[PDB]
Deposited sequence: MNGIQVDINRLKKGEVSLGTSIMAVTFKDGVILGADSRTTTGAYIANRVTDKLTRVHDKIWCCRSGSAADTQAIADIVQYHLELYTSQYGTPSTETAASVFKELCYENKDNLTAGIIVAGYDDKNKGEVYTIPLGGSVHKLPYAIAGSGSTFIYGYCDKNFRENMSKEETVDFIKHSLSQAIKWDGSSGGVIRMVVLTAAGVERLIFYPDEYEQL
């Protein structure tokens, strides 16, 4: 029902901006996951004020503090690294992954590292058998398909 995946220029992904280059994708309660994203957005704005722009590993770290009471996909980009995706499955467990989904082995069955945008966009449209966001060095891009 939700997906994130890495590709040559960054990552492709109930989508919400916790920072300009760090986005969250949500499942379960829209009330609780929006309360979490609003507090993560407050925390990353507060980190940015004191240290400059956060790493995506810091954003995943901030989500652990707030999800500790009650999983979510975290994804983003920075001027050094390639784009990244993290997951927090059932709470307490944590991973850093080239791709993630939530709601199947079908994903890894077709997935390929360092794909082009067009391959990955077709891959997600096939795998969701609607809105999609693309994060890169150059900027933020919005897509939709139905």
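- Against the full deposited sequence, the model leaves out several stretches, namely 1-20, 34-51, 109-114, 148-153, 180-191, 209-215.
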